[PDB]
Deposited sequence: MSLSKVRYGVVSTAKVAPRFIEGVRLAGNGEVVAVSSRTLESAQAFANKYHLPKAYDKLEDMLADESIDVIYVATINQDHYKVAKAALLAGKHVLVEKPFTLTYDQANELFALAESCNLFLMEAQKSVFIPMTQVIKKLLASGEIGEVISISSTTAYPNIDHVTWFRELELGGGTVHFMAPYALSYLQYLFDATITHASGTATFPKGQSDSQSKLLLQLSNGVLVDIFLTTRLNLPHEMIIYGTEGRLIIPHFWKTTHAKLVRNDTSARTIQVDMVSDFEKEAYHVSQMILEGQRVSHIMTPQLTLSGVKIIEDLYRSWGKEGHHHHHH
């Protein structure tokens, strides 16, 4: 019932449609992509555009789902708000903390819904992990280690260019930064890192450290240089929780300081379903922000990422 317009034919149009599809809460009615030809008729969308101007002029669309090149997110979300649309922006929300603050302020001015499309905080398994942790299944949490690897990243043709918002921190950090804060309802009190920068290019890979407000020490590795599986391990005083591809997962393994192993699992058709259910509800329910993926959570990730790059002299 809530009508969306999708910006890009990026490979996610279908997943998000498919996801909105199941959410049953709303429909996608419009897509756009420079080629008025491409994305043809098909997913049975009552219309297609080769201009954001044209989709923005469509009075039947309530929300614009923005999945553009990172650096264009700001400009496009700004146009849609100025046009009367609620906006959902694919992570990373914006390149700059100023861009982001502006977006939320403008959305506040105009009284419109504005959320960042996850970073992992809606899938059912996250709620299971969060509750599990809050109830000492692994005692007191001490340390977290996380690795994310995309060795085939050059399938994204602008990834190597910083000005476009390329690099592992830009691309891969948002999931961890919002997930970890959500899991512990914590904030991040220290963030530092190092990176590999080929001459002229964005970061090939990076390692980050965080300290959360609850004391937990986190090390993150984001790489396009190794074939490693995506994996996060949460270490507590009476066990660990091993979470594969945490932002996308139906499962996780709890290993107790022997007493040993239990698999935890959930049902999940779509990693976009619950987030899509939610945007439309806040939408119908007349909300202007999310209480799940809050502006606070969005802004803090944007700031930290910007700060990392500034510390490297890799700003703009």
Self-check item: Regions of the deposited sequence not represented in the model
Solution: 1-4, 46-48, 324-329
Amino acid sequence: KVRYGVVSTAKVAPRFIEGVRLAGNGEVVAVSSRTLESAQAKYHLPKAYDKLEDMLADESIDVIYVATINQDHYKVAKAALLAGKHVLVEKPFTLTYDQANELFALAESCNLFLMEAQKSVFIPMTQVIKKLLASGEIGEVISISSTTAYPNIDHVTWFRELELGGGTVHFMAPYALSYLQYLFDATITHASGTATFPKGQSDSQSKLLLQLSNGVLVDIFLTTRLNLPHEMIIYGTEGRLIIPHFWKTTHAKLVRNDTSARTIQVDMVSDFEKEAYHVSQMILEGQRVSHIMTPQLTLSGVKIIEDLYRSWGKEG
From here on, numbers count along this sequence of modelled residues.
Self-check item: 117-125 versus 209-217 - which carries the larger mean C-alpha B factor in the record
Solution: 117-125
Practice problem: Can you let me know which of the two, 164-172 or 67-75, has the higher average C-alpha B-factor in the entry? | Solution: 67-75
Quiz prompt | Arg225, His245, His155, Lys85, ranked by C-alpha B-factor: the highest one | solution = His155
Exercise. State the tercile, meaning the lowest, middle or highest third, of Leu308 with respect to the CA B-factors recorded for its chain.
Key: lowest
Quiz item: Relative to the other modelled residues in the chain, which third contains the C-alpha temperature factor of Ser109: lowest, middle or highest?
Solution: highest
Practice problem: State the tercile, meaning the lowest, middle or highest third, of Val12 with respect to the CA B-factors recorded for its chain. | Solution: highest
Practice problem: Would you please rank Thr96 by its C-alpha temperature factor against the other modelled residues of its chain and give the third it falls in: lowest, middle or highest? | Solution: middle
Practice problem: Taking the chain's C-alpha temperature factors as the reference, tell me which third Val31 falls into: lowest, middle or highest. | Solution: highest
